Every structure is written in structure tokens, then in C-alpha cells.
Amino acid sequence: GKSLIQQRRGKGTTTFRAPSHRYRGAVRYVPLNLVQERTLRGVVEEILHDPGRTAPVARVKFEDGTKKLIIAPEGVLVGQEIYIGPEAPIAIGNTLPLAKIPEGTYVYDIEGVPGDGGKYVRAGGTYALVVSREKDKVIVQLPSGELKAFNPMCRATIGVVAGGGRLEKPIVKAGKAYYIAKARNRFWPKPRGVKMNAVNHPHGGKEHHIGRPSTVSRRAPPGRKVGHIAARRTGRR
Amino acid sequence: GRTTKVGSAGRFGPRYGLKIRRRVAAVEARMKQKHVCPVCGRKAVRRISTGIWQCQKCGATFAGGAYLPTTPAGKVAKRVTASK
Amino acid sequence: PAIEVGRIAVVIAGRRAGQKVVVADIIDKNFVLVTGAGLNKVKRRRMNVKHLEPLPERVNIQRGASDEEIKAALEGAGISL
Amino acid sequence: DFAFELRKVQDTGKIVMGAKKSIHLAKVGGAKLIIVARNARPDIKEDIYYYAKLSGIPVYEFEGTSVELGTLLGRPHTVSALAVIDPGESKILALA
Amino acid sequence: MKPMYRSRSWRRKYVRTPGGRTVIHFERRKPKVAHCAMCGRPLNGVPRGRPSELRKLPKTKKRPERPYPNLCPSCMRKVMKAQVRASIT
RNA sequence: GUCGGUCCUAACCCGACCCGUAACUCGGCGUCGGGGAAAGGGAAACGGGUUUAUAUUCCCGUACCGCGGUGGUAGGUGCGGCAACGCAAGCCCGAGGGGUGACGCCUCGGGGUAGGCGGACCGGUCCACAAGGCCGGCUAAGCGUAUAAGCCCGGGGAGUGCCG
RNA sequence: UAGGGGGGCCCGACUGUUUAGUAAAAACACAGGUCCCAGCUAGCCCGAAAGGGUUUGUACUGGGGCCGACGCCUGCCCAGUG
Ligand SMILES: [Zn+2]
Ligand SMILES: [Zn+2]
């Protein structure tokens, strides 16, 4: 038989790669063999649009003369002064360890293990809620529902991610979607296996129907996992 | 304007349907109406890019929503972190 | 006042920017007479009250004063321009 | 600033509004009181405070804004700073 | 037109010759004028021209004589005021 | 010497080391080093003539860049303007900052130029006279010179508003 | 140089794409509707391995399927296979 788009993506061709040369750099915090307790102070100088982030970025100049990119919170001004460390104040744009952060605070850009650089709640519009503070773990509510546990030395940022309310206005045409998907080269347009041929898909035929249940096992081999994968249920409710 | 029901969406013509055209027009109306600055209190804030707003009168540039400079969650966060 | 005879001052606009200086007289609601007294390359001339940042050092002089006299006091004030 | 005493001064005595003239007076002399808004331009606030301390003049900070000052006065524009030379029948100088 | 001269970075112009030929001449484009660091506003006194046009000029005809000539005067006076207000201690 | 290659980097590629492979002329991450555009970036020349066949390349005439020198001055040890700014306004080495290089699609106005039209006149030709039509009436780079728009400086001291 | 026009029905909403060389369509795409997996050393994929693609990314996201603008609606069965 023939292959799937699933299967050709895994090789890394220009038809599937990300055009990262078009983007602004990566967004990490600072390495913490440098941030023992010193509570760096910095100044925002620019706010900019990144084609790979679904969120604005902000350029910061520190007292070291070093320049970094952060993810911009909602309501940060060009000219402000943000602090990064354990004893910094509690405001919008300031990065602290979760232990020092009360219960009820909104939070973004959380590290998984202390030192990573920021793994959670970095998409535009998103936030997390602090629930509890033990001596061995902090519980946090993520934008999906999960109540995850983090070690209390992990770092987060206070406030909300800008860019919110992005999916309210419709995409009206197909050329606009062309441009949105050409920015980051997503596969667009999309075909349907039901209207493909039998070499090219587990569905596929002269009749444009599926002749087997769309539910597939988590132990089905590659080339066959198409549809609903390990579906607990289906339907409307 | 000159038309009754359509606004910014009178450019699409008879195309794309009711819900589409209404949502588009409402959103763009609220975005193109001028907004109050948080630094000078004057109504001159305009959008610059997606997520970025600027006052034409004082030069304050700040980050916000995609189609409005504030969000409900942002308001809540402001209030909560002011309380604590 | 922040501007008066005997007031020390720094020039902040023009080719003489950031030089210490003395205010030796007064002409108008906008213009004063400024001098360096032989201790820099600033002559007796006219200047605008915007182009001068005052300082909290003062000298004791008479209204309308010659450089030899303006200078001779400074050495008592101990201030070096 | 009490709207009461401010209006009393405005109509009874004489005021001179504006940041430029306020700084000029704070620098040279000729003013008895200087009022400034909390949201005024920091360059202006710095200059005013410095010059008025060096002249020995009193400054009052008004916790509203330029727009609220303008509307307290009968003015459709901003008033970021204000200088009061001489009051007539007003206790405005009791506010420093 | 040669392929390199048909590239829109050459600002063509048609010119008449003493012996009546009506030639085409080609020139490179000038840069834009310099801008302040703190405000993004044009600088006065600093002229526009390519390094050729500029190296045939003396120093004092390339910038004003006041200090901080990379800055507009409103910002220059600001930095000077700050310096003097901090030199008190 | 002045046109272009030769220089810079882009998307991308190779070599060495490294890890894998029974092995390799095969496969690959990271570090290091190097390449990659005769339409992207980018020191500097224009007219006339000459040959059977080349010419911004040869000849005439008038010029410009980059390295190195000789000799004098500016300056080191100088000024004018309230200011914006105006100036010949010191040398060698190293570092750092700032600007320019350096940027999309659509639309409008203003100032200019190539090119064309008309009328007069001076020469030539067409036209049975006359009236009339056609042809010619040229001025390069370079050097020296200034105002628009935009932005700024100083004075001035405004709201049933005034300026555009 | 320079449009023939009007009244009814079927299919597809539209602009777009298609069998280079007998099929330009009522077929494909599209906007929008809904469903499934995944809290990241994830989910899905290449490969003999090392290592890699999505990833200079983090649920307003990535991936995998069906219907196919807008308008009114979308009824009963979990015994069978999954
Ligand atoms: Zn503002
Ligand atoms: Zn500036």
C-alpha cells in the first residue's frame, strides 16, 4: 500500500517542517545558578509580535546590560520595571517560586522541574489558579481541569497571558486561512480518506462510506490509527 | 453610515451569511471605537497589532487582548492581586 | 528663589552644556546674565532661564558684579567651577 | 484640593494654570501655592518639586487627575499643574 | 536593459547627450536620515548620503557640536538634568 | 584602477571529531572550521572621435576613488549664537554604545523631469501663383550654489472656541 | 469599436482546483458544525540503531476522523461487531 500524511510528517521535510528562521527567539527565564537570591531588576523596552507564539513578546534590558525576551502579561507598559527572584513583590510581570505565591493568585509560564525554563500556560489568553501550598508540593489548576502537583521551588509568573479573545471573530474566507497556515506551514487544505482510494487509507473505496467501526485500539499498529483512538465514548453528550 | 443593518460587513456583499457578517461587524465596531488610556485618561487608544495597543496622544504602548485592551480574566487578576 | 544673584548653575543646552557657572544679574522674565569668572571657557553673556539647571550652592555677591570680584568671593565659598 | 476653596479662589482671586507657567513661577518666584495632579508627566513633577524646594514654595498633590482638575474648573481641557498667586477670601493656603 | 539594471534598486533617468543620443543613466538610492534612540524622531544637522558622499566631507559638517548628537535636544537636556541632579551627594 | 566576477550573509551544504552499524563510498545530534547570490547587500567616469570587424576598455578633453608619501596650515595651546544650530576644529592603539545598511499590500496629494503640442523668427525643400505643409535650431559626468514637506528652537499666552 | 432578453425546475451556497494527450462536472477544496487522544521524559509519527519530525512549540495548543455557507431541525434501539 501507500503512505499517510501521518507517516510522511515523521521524516522532516520542507512540506512538514516549521519555518523557525522566521520567528523571534526562544523564551526561557534565566539559569538559576545565577539567581540564588539576587532578585534581578529590569526594564521593559519593546513589545512585539511573534509569528510562532500565539502571544506577544516583550524585550527586557537588565542591569547586566543583557537583553531577554519574555512573554508579555496583560497590561504591562513599555517602561515598567519587573523583578525576578524570591523576594520580589507580588505584581504583574514578576517571577517568583510557587511557595512564595498565595492561594488564589493567577499565574502563568510555570516550570516543570526547577531549572527548565517555562513549560505551562504559555499560550495566549490562558491562566492557572493556585489551590494549596504544602511543604512538599503545590497544587495548581490548569486550563484543562487537571489539578497538577509541582515542587514548591518551581518558578511562575503572576497575571494572565495577553492575546485573549482570538477565536471570537470568524475566519470568513479560504485565503485568510491560507495565510494563517502558511505562516506556520500546517497541512492545508485537507483531504478525506472516505473519498481517497484504498491504497491510501484504511477507509477508501468507490463508495464513500466507512465499513468498519471508527473506534480503534491503542494497540493498533501505525498505518491504521485513524478516527477515534481509544474512545471511551462517542456521540453528542 | 448609509446602510441600516450591515456595517463594516457591507464590503462582503451578499456573501457568507448572517451570523458570519454580524459577528464580524460587531467585533470590528467595538475595536475601532476609541478607548480610554490608563496613563492619561484620554480616549485615544488604538490598536497597533494583534495584542498591542497605543495612545496617539501620550505615547503609552501596552499589551492586551486581541480585539479589546482588556479581558474579564485580566480584570479579575488585577482586582485579586490588588487585594493581596 | 531657584534663580538669583549668587546662584550656582549648570548649563545644559548648547556648545557649553554641563559647565558650572554663576548668575550675576537679571534682565527680564526670561533672560539672565551668566559668567564663568575665568575658571572655564564661558564668557559674560545672555542666557535663557530654561537653559540652566540650578544647584543648592550659593555665593554672596552684589547685584551687578565684575569677574575679578565675582571670582574673589568664590575662593571664600570654596566652590570650584 | 477642596472644590470649595478652589472655586472661591478662581472667581474671587487670581490663578494661573499650566505646567509651563507653573514651572516658571516655581523657578523664579511669584507664586504662593502650586498644585499638581498625581498622573502628571514625571518630568514635570520632578522639575516642580525640585525648583519649589529650592525656592521654598509649598506644593499640594491632588489625587485625581488632569481631566478632573480641568472639570472642577470650568475648562474643557487638561490641567496638569496650577499656580496660585494671591487668594481672596479663600482658605486655600490652609492646605499645605 | 541588462538583467541587473532591471532590478528597481537603480533609479533610472533619461538624459540627452550633446551629440543627440538620449541615454539612460543609473544611480543607487540614498539612505534615510538618522533617528533618535529614545523617541524615534529625525535628527537635524546630520546629512544624508552614501559612504562615498560622506567620506568627502569634514567631521564638523557631519554632526552638530552640542553633546550627545545621537539624541534630540529634548532628550539631551533630560540626560544632562539627570546627571546634575544626581551629582549632589 | 572606475562595467561585472572576485567581498557579505540567506534558505541550504560539506569536512573533522563524536555516536551507531557485521561493515562502509551508509545514517545522524552537538561542537568546531569552511563554503553558498554574474537581477539580494555593495569604493570610484562621462561626453566626442577612431576600425573591415573592439570600445564607459584604444585616442583626445574634462574628472573620481583606495594604499603610501613629500610640504604647509586647522588643531594640541580657537570661536560666533539665549537656543535650534554654524564652523578646516589634533595623532597612534584597543574596547564599548548609537545610528545607517534594513525592507509588506492598498490608496491620495504636492513639487519636478523625459516626452509631446502651439505661436513667432532664421536657413533649406514640396507645392500652377497665392494662401500653405515638411526638415534643422544640441549640450554629459564632475565641482560650486537652495528651497519645499517633515521635524525642531525662541517669544506669545486661547474655549458658547478658534487654526487648518 | 460595441450586451440579445425574460419566466419556471434539478444539483452544488459562493471566488477557487481536477483526469499533461477523448471526461471541467452534480466530483475535490472552502468557511463553519461536531466528535476522539494528550499535562510535555505527553499524544501521533520515521528509523536497523543512534538519534530525530510536530518543537526557537505547551490545552485560546498539537494531532486524528466525519458532515460541509445561512435558515428551521436532527426522532427510537447497547441484543450483534467494535
Ligand atoms: Zn495615554
Ligand atoms: Zn527624543
# chains A, B, ... in the order shown; residues from 1 in each chain; ligands from 1

call {"tool": "closest_atom_pairs", "arguments": {"of": "chain E", "to": "chain A", "cutoff": "12 Å", "atoms": "only C-alpha atoms", "output": "CSV"}}
result
residue,atom,partner,partner_atom,distance
E:37,CA,A:45,CA,11.6
E:38,CA,A:45,CA,10.0
E:39,CA,A:45,CA,11.7

call {"tool": "interface_residues", "arguments": {"of": "chain C", "to": "chain D", "cutoff": "7 Å", "atoms": "only C-alpha atoms", "output": "VMD selection string"}}
result
chain C and resid 1 to 3 56

call {"tool": "write_last_selection", "arguments": {"atoms": "N, CA, C and O atoms", "output": "short mmCIF file (atom, residue, chain, number, x, y, z; two decimals), in the first residue's frame"}}
result
data_model
loop_
_atom_site.label_atom_id
_atom_site.label_comp_id
_atom_site.auth_asym_id
_atom_site.auth_seq_id
_atom_site.Cartn_x
_atom_site.Cartn_y
_atom_site.Cartn_z
N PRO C 1 14.76 81.99 46.03
CA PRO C 1 14.38 81.53 44.69
C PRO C 1 15.40 80.60 44.06
O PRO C 1 16.57 80.63 44.43
N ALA C 2 14.94 79.77 43.13
CA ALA C 2 15.83 78.87 42.41
C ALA C 2 16.74 79.60 41.43
O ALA C 2 17.62 78.98 40.85
N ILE C 3 16.54 80.91 41.24
CA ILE C 3 17.30 81.71 40.30
C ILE C 3 17.48 83.09 40.91
O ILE C 3 16.50 83.80 41.14
N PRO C 56 22.01 73.82 44.71
CA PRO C 56 21.80 74.39 46.04
C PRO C 56 23.04 75.02 46.65
O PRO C 56 23.11 75.21 47.87
#

call {"tool": "residues_around", "arguments": {"residues": "residue A:27", "least_positions_apart": "6", "cutoff": "10 Å", "atoms": "only C-alpha atoms (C1' of nucleotides)", "output": "list in words"}}
result
residues 53, 57, 68, 69, 70, 71, 109, 117, 118 and 122 of chain A; 56 of chain G

call {"tool": "residues_near_ligand", "arguments": {"ligand": "ligand 2", "cutoff": "12 Å", "atoms": "only C-alpha atoms (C1' of nucleotides) and all ligand atoms", "output": "VMD selection string"}}
result
(chain E and resid 35 to 43 68 to 79) or (chain F and resid 151 to 152)

call {"tool": "write_last_selection", "arguments": {"atoms": "C-alpha atoms (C1' of nucleotides)", "output": "PDB file, in the first residue's frame"}}
result
ATOM      1  CA  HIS E  35      16.683  58.958  14.185  1.00  0.00           C
ATOM      2  CA  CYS E  36      16.888  59.464  17.925  1.00  0.00           C
ATOM      3  CA  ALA E  37      17.395  56.486  20.187  1.00  0.00           C
ATOM      4  CA  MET E  38      14.802  57.357  22.840  1.00  0.00           C
ATOM      5  CA  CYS E  39      11.980  58.706  20.653  1.00  0.00           C
ATOM      6  CA  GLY E  40      12.464  57.759  17.002  1.00  0.00           C
ATOM      7  CA  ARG E  41      12.431  61.304  15.657  1.00  0.00           C
ATOM      8  CA  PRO E  42      14.667  62.695  12.895  1.00  0.00           C
ATOM      9  CA  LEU E  43      17.964  64.327  13.772  1.00  0.00           C
ATOM     10  CA  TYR E  68      25.014  63.780  22.703  1.00  0.00           C
ATOM     11  CA  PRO E  69      24.415  64.369  18.981  1.00  0.00           C
ATOM     12  CA  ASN E  70      22.734  60.978  18.656  1.00  0.00           C
ATOM     13  CA  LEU E  71      19.812  62.404  20.636  1.00  0.00           C
ATOM     14  CA  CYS E  72      17.202  65.054  20.052  1.00  0.00           C
ATOM     15  CA  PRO E  73      17.596  68.156  22.235  1.00  0.00           C
ATOM     16  CA  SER E  74      14.589  67.429  24.444  1.00  0.00           C
ATOM     17  CA  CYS E  75      16.208  64.134  25.435  1.00  0.00           C
ATOM     18  CA  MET E  76      19.683  65.655  25.663  1.00  0.00           C
ATOM     19  CA  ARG E  77      18.522  68.178  28.244  1.00  0.00           C
ATOM     20  CA  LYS E  78      16.817  65.350  30.129  1.00  0.00           C
ATOM     21  CA  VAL E  79      20.003  63.305  30.461  1.00  0.00           C
TER      22      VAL E  79
ATOM     23  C1'   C F 151      10.992  67.648  12.386  1.00  0.00           C
ATOM     24  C1'   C F 152      12.906  71.382  15.674  1.00  0.00           C
TER      25        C F 152
END

call {"tool": "interface_residues", "arguments": {"of": "chain A", "to": "chain F", "cutoff": "12 Å", "atoms": "only C-alpha atoms (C1' of nucleotides)", "output": "list in words"}}
result
residues 14, 19, 20, 21, 22 and 65 of chain A

call {"tool": "residues_around", "arguments": {"residues": "stretch 35-51 of chain G", "least_positions_apart": "4", "cutoff": "10 Å", "atoms": "only C-alpha atoms (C1' of nucleotides)", "output": "PDB file with N, CA and C atoms (P, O5', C5', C4', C3', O3' and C1' of nucleotides), in the first residue's frame"}}
result
ATOM      1  N   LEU A   4       0.533   7.556   4.568  1.00  0.00           N
ATOM      2  CA  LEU A   4      -0.333   8.585   5.105  1.00  0.00           C
ATOM      3  C   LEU A   4       0.474   9.843   5.390  1.00  0.00           C
ATOM      4  N   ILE A   5      -0.244  10.956   5.508  1.00  0.00           N
ATOM      5  CA  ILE A   5       0.359  12.215   5.922  1.00  0.00           C
ATOM      6  C   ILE A   5       0.926  12.098   7.334  1.00  0.00           C
ATOM      7  N   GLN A   6       0.168  11.473   8.238  1.00  0.00           N
ATOM      8  CA  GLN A   6       0.706  10.968   9.493  1.00  0.00           C
ATOM      9  C   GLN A   6       2.131  10.475   9.350  1.00  0.00           C
ATOM     10  N   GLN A   7       2.354   9.627   8.354  1.00  0.00           N
ATOM     11  CA  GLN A   7       3.578   8.859   8.238  1.00  0.00           C
ATOM     12  C   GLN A   7       4.676   9.627   7.527  1.00  0.00           C
ATOM     13  N   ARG A   8       4.312  10.554   6.657  1.00  0.00           N
ATOM     14  CA  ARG A   8       5.310  11.367   5.994  1.00  0.00           C
ATOM     15  C   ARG A   8       5.772  12.538   6.843  1.00  0.00           C
ATOM     16  N   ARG A   9       4.950  12.995   7.782  1.00  0.00           N
ATOM     17  CA  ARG A   9       5.369  14.056   8.687  1.00  0.00           C
ATOM     18  C   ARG A   9       6.565  13.652   9.532  1.00  0.00           C
ATOM     19  N   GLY A  10       6.685  12.377   9.857  1.00  0.00           N
ATOM     20  CA  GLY A  10       7.705  11.898  10.743  1.00  0.00           C
ATOM     21  C   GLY A  10       9.106  11.885  10.196  1.00  0.00           C
ATOM     22  N   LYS A  11       9.300  12.271   8.943  1.00  0.00           N
ATOM     23  CA  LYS A  11      10.616  12.273   8.325  1.00  0.00           C
ATOM     24  C   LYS A  11      11.306  13.629   8.320  1.00  0.00           C
ATOM     25  N   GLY A  12      10.564  14.725   8.280  1.00  0.00           N
ATOM     26  CA  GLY A  12      11.170  16.027   8.438  1.00  0.00           C
ATOM     27  C   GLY A  12      11.540  16.720   7.156  1.00  0.00           C
ATOM     28  N   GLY A 112       8.332  23.015  34.979  1.00  0.00           N
ATOM     29  CA  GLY A 112       8.017  21.672  35.409  1.00  0.00           C
ATOM     30  C   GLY A 112       8.868  21.270  36.591  1.00  0.00           C
ATOM     31  N   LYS A 119       7.171  25.747  31.001  1.00  0.00           N
ATOM     32  CA  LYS A 119       6.521  24.698  30.179  1.00  0.00           C
ATOM     33  C   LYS A 119       5.005  24.901  30.114  1.00  0.00           C
ATOM     34  N   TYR A 120       4.400  25.619  31.064  1.00  0.00           N
ATOM     35  CA  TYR A 120       2.922  25.526  31.189  1.00  0.00           C
ATOM     36  C   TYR A 120       2.273  26.904  31.035  1.00  0.00           C
ATOM     37  N   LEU A 142      -4.958  23.769  36.050  1.00  0.00           N
ATOM     38  CA  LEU A 142      -4.559  24.100  34.698  1.00  0.00           C
ATOM     39  C   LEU A 142      -5.769  24.344  33.808  1.00  0.00           C
ATOM     40  N   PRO A 143      -5.576  25.022  32.671  1.00  0.00           N
ATOM     41  CA  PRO A 143      -6.708  25.375  31.809  1.00  0.00           C
ATOM     42  C   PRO A 143      -7.456  24.207  31.204  1.00  0.00           C
ATOM     43  N   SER A 144      -7.118  22.973  31.547  1.00  0.00           N
ATOM     44  CA  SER A 144      -7.881  21.827  31.092  1.00  0.00           C
ATOM     45  C   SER A 144      -8.790  21.260  32.166  1.00  0.00           C
ATOM     46  N   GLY A 145      -8.383  21.345  33.426  1.00  0.00           N
ATOM     47  CA  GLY A 145      -9.132  20.781  34.522  1.00  0.00           C
ATOM     48  C   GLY A 145      -8.240  20.057  35.497  1.00  0.00           C
ATOM     49  N   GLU A 146      -7.144  19.503  34.990  1.00  0.00           N
ATOM     50  CA  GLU A 146      -6.233  18.740  35.822  1.00  0.00           C
ATOM     51  C   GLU A 146      -5.753  19.572  37.000  1.00  0.00           C
ATOM     52  N   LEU A 147      -5.639  18.920  38.150  1.00  0.00           N
ATOM     53  CA  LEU A 147      -5.082  19.516  39.358  1.00  0.00           C
ATOM     54  C   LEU A 147      -3.694  18.921  39.544  1.00  0.00           C
ATOM     55  N   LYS A 148      -2.704  19.577  38.965  1.00  0.00           N
ATOM     56  CA  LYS A 148      -1.360  19.036  38.958  1.00  0.00           C
ATOM     57  C   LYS A 148      -0.578  19.483  40.186  1.00  0.00           C
ATOM     58  N   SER A 214     -15.310   3.167  13.529  1.00  0.00           N
ATOM     59  CA  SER A 214     -14.319   4.224  13.554  1.00  0.00           C
ATOM     60  C   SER A 214     -13.468   4.207  14.806  1.00  0.00           C
ATOM     61  N   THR A 215     -13.802   3.367  15.772  1.00  0.00           N
ATOM     62  CA  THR A 215     -13.072   3.277  17.021  1.00  0.00           C
ATOM     63  C   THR A 215     -11.929   2.289  16.885  1.00  0.00           C
ATOM     64  N   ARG A 218      -5.777   1.310  21.118  1.00  0.00           N
ATOM     65  CA  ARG A 218      -4.493   1.908  21.433  1.00  0.00           C
ATOM     66  C   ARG A 218      -3.336   0.995  21.072  1.00  0.00           C
ATOM     67  N   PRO A 222       0.909   1.355  13.522  1.00  0.00           N
ATOM     68  CA  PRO A 222       0.917   2.550  12.677  1.00  0.00           C
ATOM     69  C   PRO A 222       0.557   2.244  11.234  1.00  0.00           C
ATOM     70  N   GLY A 223      -0.155   3.180  10.621  1.00  0.00           N
ATOM     71  CA  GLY A 223      -0.802   2.968   9.353  1.00  0.00           C
ATOM     72  C   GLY A 223      -2.265   2.641   9.459  1.00  0.00           C
ATOM     73  N   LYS A 225      -4.184   3.780  12.696  1.00  0.00           N
ATOM     74  CA  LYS A 225      -4.781   4.614  13.737  1.00  0.00           C
ATOM     75  C   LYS A 225      -5.363   5.877  13.130  1.00  0.00           C
ATOM     76  N   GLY A 227      -9.167   7.991  13.023  1.00  0.00           N
ATOM     77  CA  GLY A 227     -10.515   8.124  13.515  1.00  0.00           C
ATOM     78  C   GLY A 227     -10.551   8.456  14.979  1.00  0.00           C
ATOM     79  N   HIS A 228     -11.259   7.638  15.738  1.00  0.00           N
ATOM     80  CA  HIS A 228     -11.359   7.790  17.174  1.00  0.00           C
ATOM     81  C   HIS A 228     -10.463   6.757  17.830  1.00  0.00           C
ATOM     82  N   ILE A 229      -9.434   7.233  18.511  1.00  0.00           N
ATOM     83  CA  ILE A 229      -8.379   6.393  19.053  1.00  0.00           C
ATOM     84  C   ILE A 229      -8.653   6.186  20.530  1.00  0.00           C
ATOM     85  N   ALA A 230      -8.945   4.942  20.889  1.00  0.00           N
ATOM     86  CA  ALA A 230      -9.221   4.553  22.260  1.00  0.00           C
ATOM     87  C   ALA A 230     -10.315   5.410  22.868  1.00  0.00           C
ATOM     88  N   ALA A 231     -11.409   5.523  22.134  1.00  0.00           N
ATOM     89  CA  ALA A 231     -12.521   6.356  22.547  1.00  0.00           C
ATOM     90  C   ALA A 231     -13.294   5.689  23.668  1.00  0.00           C
ATOM     91  N   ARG A 232     -13.392   6.379  24.800  1.00  0.00           N
ATOM     92  CA  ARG A 232     -14.244   5.914  25.882  1.00  0.00           C
ATOM     93  C   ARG A 232     -15.700   5.943  25.479  1.00  0.00           C
ATOM     94  N   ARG A 233     -16.095   6.977  24.753  1.00  0.00           N
ATOM     95  CA  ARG A 233     -17.450   7.113  24.272  1.00  0.00           C
ATOM     96  C   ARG A 233     -17.426   7.939  23.003  1.00  0.00           C
ATOM     97  N   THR A 234     -18.594   8.040  22.386  1.00  0.00           N
ATOM     98  CA  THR A 234     -18.807   8.846  21.205  1.00  0.00           C
ATOM     99  C   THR A 234     -20.183   9.478  21.308  1.00  0.00           C
ATOM    100  N   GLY A 235     -20.513  10.295  20.320  1.00  0.00           N
ATOM    101  CA  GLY A 235     -21.791  10.958  20.285  1.00  0.00           C
ATOM    102  C   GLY A 235     -21.794  12.395  20.741  1.00  0.00           C
ATOM    103  N   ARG A 236     -22.954  12.850  21.203  1.00  0.00           N
ATOM    104  CA  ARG A 236     -23.197  14.259  21.466  1.00  0.00           C
ATOM    105  C   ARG A 236     -22.950  14.622  22.929  1.00  0.00           C
TER     106      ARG A 236
ATOM    107  P     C F  19      32.481   8.170  20.756  1.00  0.00           P
ATOM    108  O5'   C F  19      31.032   7.735  20.251  1.00  0.00           O
ATOM    109  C5'   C F  19      29.932   7.743  21.144  1.00  0.00           C
ATOM    110  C4'   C F  19      28.594   7.598  20.462  1.00  0.00           C
ATOM    111  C3'   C F  19      28.302   6.290  19.774  1.00  0.00           C
ATOM    112  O3'   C F  19      28.067   5.197  20.637  1.00  0.00           O
ATOM    113  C1'   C F  19      27.514   8.050  18.446  1.00  0.00           C
ATOM    114  P     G F  20      28.503   3.728  20.163  1.00  0.00           P
ATOM    115  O5'   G F  20      27.609   3.429  18.877  1.00  0.00           O
ATOM    116  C5'   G F  20      26.215   3.249  19.020  1.00  0.00           C
ATOM    117  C4'   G F  20      25.453   3.176  17.721  1.00  0.00           C
ATOM    118  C3'   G F  20      25.583   1.935  16.867  1.00  0.00           C
ATOM    119  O3'   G F  20      24.875   0.818  17.366  1.00  0.00           O
ATOM    120  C1'   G F  20      25.528   3.871  15.508  1.00  0.00           C
ATOM    121  P     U F  21      25.515  -0.648  17.292  1.00  0.00           P
ATOM    122  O5'   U F  21      25.604  -0.985  15.744  1.00  0.00           O
ATOM    123  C5'   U F  21      24.446  -1.278  14.983  1.00  0.00           C
ATOM    124  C4'   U F  21      24.664  -1.109  13.506  1.00  0.00           C
ATOM    125  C3'   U F  21      25.481  -2.182  12.805  1.00  0.00           C
ATOM    126  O3'   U F  21      24.709  -3.306  12.446  1.00  0.00           O
ATOM    127  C1'   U F  21      26.178  -0.020  12.102  1.00  0.00           C
ATOM    128  P     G F  27      23.531   8.475   3.648  1.00  0.00           P
ATOM    129  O5'   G F  27      23.180   8.027   5.133  1.00  0.00           O
ATOM    130  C5'   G F  27      21.922   7.447   5.441  1.00  0.00           C
ATOM    131  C4'   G F  27      21.645   7.408   6.920  1.00  0.00           C
ATOM    132  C3'   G F  27      21.770   8.719   7.658  1.00  0.00           C
ATOM    133  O3'   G F  27      20.662   9.566   7.481  1.00  0.00           O
ATOM    134  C1'   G F  27      22.836   7.037   8.890  1.00  0.00           C
ATOM    135  P     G F  28      20.903  11.134   7.295  1.00  0.00           P
ATOM    136  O5'   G F  28      21.312  11.636   8.743  1.00  0.00           O
ATOM    137  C5'   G F  28      20.313  11.885   9.706  1.00  0.00           C
ATOM    138  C4'   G F  28      20.809  11.751  11.120  1.00  0.00           C
ATOM    139  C3'   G F  28      21.450  12.976  11.719  1.00  0.00           C
ATOM    140  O3'   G F  28      20.520  13.952  12.146  1.00  0.00           O
ATOM    141  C1'   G F  28      22.734  11.062  12.230  1.00  0.00           C
ATOM    142  P     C F  29      20.904  15.512  12.091  1.00  0.00           P
ATOM    143  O5'   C F  29      21.303  15.870  13.585  1.00  0.00           O
ATOM    144  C5'   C F  29      20.294  16.107  14.546  1.00  0.00           C
ATOM    145  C4'   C F  29      20.816  16.077  15.960  1.00  0.00           C
ATOM    146  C3'   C F  29      21.753  17.195  16.363  1.00  0.00           C
ATOM    147  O3'   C F  29      21.074  18.399  16.670  1.00  0.00           O
ATOM    148  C1'   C F  29      22.623  15.142  17.112  1.00  0.00           C
TER     149        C F  29
ATOM    150  P     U G  58       4.029  27.888  22.997  1.00  0.00           P
ATOM    151  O5'   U G  58       3.376  26.510  23.430  1.00  0.00           O
ATOM    152  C5'   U G  58       1.964  26.377  23.489  1.00  0.00           C
ATOM    153  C4'   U G  58       1.500  25.195  24.304  1.00  0.00           C
ATOM    154  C3'   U G  58       1.144  25.512  25.756  1.00  0.00           C
ATOM    155  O3'   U G  58      -0.038  24.836  26.179  1.00  0.00           O
ATOM    156  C1'   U G  58       2.751  23.800  25.683  1.00  0.00           C
ATOM    157  P     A G  59      -1.052  25.556  27.196  1.00  0.00           P
ATOM    158  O5'   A G  59      -2.490  25.037  26.770  1.00  0.00           O
ATOM    159  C5'   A G  59      -3.172  25.582  25.653  1.00  0.00           C
ATOM    160  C4'   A G  59      -4.447  24.865  25.360  1.00  0.00           C
ATOM    161  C3'   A G  59      -5.524  24.960  26.426  1.00  0.00           C
ATOM    162  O3'   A G  59      -6.809  25.055  25.812  1.00  0.00           O
ATOM    163  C1'   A G  59      -4.960  22.703  26.052  1.00  0.00           C
ATOM    164  P     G G  62      -1.795  24.884  17.006  1.00  0.00           P
ATOM    165  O5'   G G  62      -1.329  23.371  17.122  1.00  0.00           O
ATOM    166  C5'   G G  62       0.022  22.993  16.912  1.00  0.00           C
ATOM    167  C4'   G G  62       0.272  21.556  17.256  1.00  0.00           C
ATOM    168  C3'   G G  62      -0.454  20.505  16.446  1.00  0.00           C
ATOM    169  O3'   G G  62       0.065  20.302  15.145  1.00  0.00           O
ATOM    170  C1'   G G  62      -0.578  19.941  18.717  1.00  0.00           C
ATOM    171  P     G G  63      -0.931  20.144  13.894  1.00  0.00           P
ATOM    172  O5'   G G  63      -1.414  18.636  13.954  1.00  0.00           O
ATOM    173  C5'   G G  63      -0.477  17.579  13.987  1.00  0.00           C
ATOM    174  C4'   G G  63      -1.022  16.353  14.660  1.00  0.00           C
ATOM    175  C3'   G G  63      -2.188  15.668  13.988  1.00  0.00           C
ATOM    176  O3'   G G  63      -1.829  14.885  12.874  1.00  0.00           O
ATOM    177  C1'   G G  63      -2.598  15.822  16.293  1.00  0.00           C
ATOM    178  P     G G  64      -2.725  14.904  11.551  1.00  0.00           P
ATOM    179  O5'   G G  64      -3.843  13.831  11.841  1.00  0.00           O
ATOM    180  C5'   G G  64      -3.510  12.610  12.463  1.00  0.00           C
ATOM    181  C4'   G G  64      -4.719  11.896  12.989  1.00  0.00           C
ATOM    182  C3'   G G  64      -5.911  11.832  12.070  1.00  0.00           C
ATOM    183  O3'   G G  64      -5.780  10.861  11.063  1.00  0.00           O
ATOM    184  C1'   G G  64      -6.614  12.356  14.264  1.00  0.00           C
ATOM    185  P     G G  65      -6.595  11.054   9.710  1.00  0.00           P
ATOM    186  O5'   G G  65      -8.083  11.123  10.223  1.00  0.00           O
ATOM    187  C5'   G G  65      -9.154  11.007   9.326  1.00  0.00           C
ATOM    188  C4'   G G  65     -10.387  10.577  10.050  1.00  0.00           C
ATOM    189  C3'   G G  65     -11.730  10.993   9.478  1.00  0.00           C
ATOM    190  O3'   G G  65     -12.180  10.177   8.412  1.00  0.00           O
ATOM    191  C1'   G G  65     -11.678  11.483  11.763  1.00  0.00           C
ATOM    192  P     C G  66     -12.668  10.849   7.049  1.00  0.00           P
ATOM    193  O5'   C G  66     -14.117  11.413   7.368  1.00  0.00           O
ATOM    194  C5'   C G  66     -15.245  10.565   7.287  1.00  0.00           C
ATOM    195  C4'   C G  66     -16.448  11.061   8.050  1.00  0.00           C
ATOM    196  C3'   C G  66     -17.334  12.082   7.367  1.00  0.00           C
ATOM    197  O3'   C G  66     -18.186  11.536   6.382  1.00  0.00           O
ATOM    198  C1'   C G  66     -16.994  12.701   9.617  1.00  0.00           C
TER     199        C G  66
END
